[PDB]
Each structure stands twice: as C-alpha cells, then as structure tokens.
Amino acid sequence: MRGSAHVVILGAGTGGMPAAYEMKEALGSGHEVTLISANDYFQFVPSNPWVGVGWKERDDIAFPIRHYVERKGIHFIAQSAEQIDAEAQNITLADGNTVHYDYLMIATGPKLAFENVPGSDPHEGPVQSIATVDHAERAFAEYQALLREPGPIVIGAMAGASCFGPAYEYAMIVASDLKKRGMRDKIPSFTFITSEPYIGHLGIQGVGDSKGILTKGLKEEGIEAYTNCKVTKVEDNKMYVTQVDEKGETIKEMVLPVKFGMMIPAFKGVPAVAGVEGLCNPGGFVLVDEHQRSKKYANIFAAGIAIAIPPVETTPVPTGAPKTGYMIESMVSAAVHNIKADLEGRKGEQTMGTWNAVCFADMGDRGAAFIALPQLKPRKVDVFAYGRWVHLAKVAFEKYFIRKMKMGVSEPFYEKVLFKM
C-alpha cells in the first residue's frame, strides 16, 4: 500500500531466504515482507550429491522455513506461484488465491529442463538427478538397486548444462562408495559424458589446473570420459549420445546401456516467471540491469539463477557458465538495497560487483575448490585447490549457512572473511 509498500520474495532458496531476512531488516516494521516458495522447507543445495550417494540424509540438510522467518516478522506462504501478472501486480498461487505486491523480487532458481532430452526425466527412466533433495533421495534409491543388480554407470552433464562441478563430484563419490562396499569390480563400465569441450572446462574455460586434475582423477577411478557430447534421447534404458568436433560436425554416435545414471540437466527459468510477457529471454531468464532491476518492470527485481547473464564463449555443444553462491548473495544484497532506495525516493546505485565463480566439492576426506574472476581471461584470480582443508571448509560453511538461515541475516553477508582480522 501507499506509504507501506508490500515487498514479495518469490522462492526460498540460496538467494531467496537471505533476501527475505535482509529485506525485512532493511525496511523494518513499516513495511510488509512476504516470502512465497514451492516447498515448506529450506534445503542446502551443495549437499545434494552427498544425499545422492547416501552420505547425508534429508534431515541433515533441510529444515522447515515457517517458524524461522515468521519470528522475524516475515509472512510465509508455502505455495507455488503459477502465474504472475505484472500489470496488475498480482501473483496467482497454485490453490487459486492471489497475492498483490508493490515490489517483487524473483529468486525462483532453475527449472530443470529434462524435456530437452526425451526419456531423461528421473521419473521416466534410469537417468537420475541430484539437483534437489527430492531428486537425490530418488537417485540414492536407484543407486541401491544398482548395488543389488550391478550394471553400467553413466554420469555427467547434458548439453546446455551450466553446473558441472556436481557431476564430477558425484562421479568421484560414487566411485569411492563402490570401493568402500567392495562392489567396484562388479561394475561393467563407468562412463562420464559431458557437453564440455574438454574435461574440467566447467563452463568457465577451465580454472587453475582443473583440466589436468579432473582428467587424472577420472582415470584414477577407472572412469572413461567423453567430451563434446550431447544426449539425444534416453530410451529402453539406453542413452543415445552424439559427439561432435570443434565445428559441430558429428564425429561419432554411441548407445550406452545404463543401469544407473545421473546427468546434470540444462537449466531454464521456471514457467511462472518465463511466462511473464517481455520479462525474460528465450531461456526464461529475467533480463535485469546492473542494479538487479528488470529492464521492463521497474518494480520487479531478480537475483540468483533466475537472472540472465550473457555468454562470453560459444562451445561446440551448448554449455553455460555457472551462477554460484557468493555472486548470488551479492545480487541479493544489491536488490534489497536498491528496493529500499526506491521506497525512499532515491535510485539505488548498488551493483552485483565483479562476476565470479566459486565452487567447493567434498570427496570425503579431501575436497576440491575453485575461484575464478572475472569471467573472461586473463583473470584476476584463477585458482584450483585440493586437500583435506577444502573438505573442512565445506563442512564448516554448510554448518554456518544453515545456522544463519535459522537465526536470520542482517546483513552484509560475507564477513566470513574476518578469519583474517
């Protein structure tokens, strides 16, 4: 309402949860902050690969949202948005109720585009997913069925994927768990299929010695690896793969039987968001300016995987650059600051800052991590690390983030940097 703006945050994930707390803290008691999300619980996404191999349980990485945001004055609606009318500024929920907003912050993350590859939906065949805790529990169930009846394994990343780290991670811990169960030698073949132009490209043209280190890691585990691949269909428990060369010409086709599989799908924008006229690019990603404001609607902002970021490279098989946690939080922080500014007359000048990608993968006793910025080479920081300490950092960060999501965030978030001061 006038003088008491209603700010709605769509999606309670890595960007949306923090955004709700920060929005409420920034606006105070004079404004209404409503968080709307498809699930009633928060999940810590980077832990999903561990759930998928049974090293972690749902209860370790997820928790009910309601009580935590409500005690901060935030209204919570555990309902999926089905439709967004940007003119009337109304959101239609799954149950048919309508929520009005004065400002909308879209943090809806990715639609997992299984439809790009017929048969690839986790519910339609042997190719599973670890993108969400629901999918990862199902992936683990299929992993156990593999343990009962050993057969070929295929893990990797589809054409259009932008999130390659977790595929390597999942391949490695699957291999590790198989060894730990004395079951590794029962596996007929273990294949890694990726749309990357080379191993360890990671959608960012490589970082540090990612290529050499990931190549050697897969070889150490007896995992045969194919790059420049796109999967055309999954059918009769077989994966039809087409491999191209630098100029997109087919250099071979393959048919791989799959008893147990996991391919990271391409990400698109979720339907309620993509469905908003003039809001998104053809992928369903929100077109925003440097202030996280939609280029079409001045009272719509976006952060997280939901926003569109221009490519800088074009690979033989389509691939995308990842949108990772630290950059997401900078997007959120910026959106909250600029919305508050709007409420108080000013144009917020805050931006996301420099593009960066940061990723941590835990293999059990040791981890791998990278940091790359900015997007294009030569970079200011281009590092790849491996060791027990990376594992310890992942464990520590997970504990911290989950606690923050329960206790609330003021907050210039990453002051997890005073481990210096």
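Throughout, we count residues from 1 along the sequence that is shown.
- The stretch 184-192 shows the higher mean C-alpha B-factor when 153-161 is compared against 184-192 in the entry.
- Set 36-44 against 59-67 and average the Cα temperature factors; 59-67 ends up higher.
- When the C-alpha B-factors of 201, 135, 252, 75 are ranked from the entry, the top spot goes to 252.
- Per the deposited record, 248 carries the highest C-alpha B-factor of all listed residues (217, 248, 206, 110).
- Sort the chain's modelled residues by C-alpha temperature factor and residue 26 lands in the highest third, per the entry.
- Among all modelled residues in its chain, residue 363 ranks in the highest third by Cα B-factor.
- Sort the modelled residues of the chain by CA B factor and residue 329 lands in the lowest third.
- Remark: residue 380 belongs to the lowest third of its chain, ranked by C-alpha B-factor as recorded.
- In the PDB entry, a CA B factor belonging to the highest third of its chain's modelled residues is recorded for residue 352.
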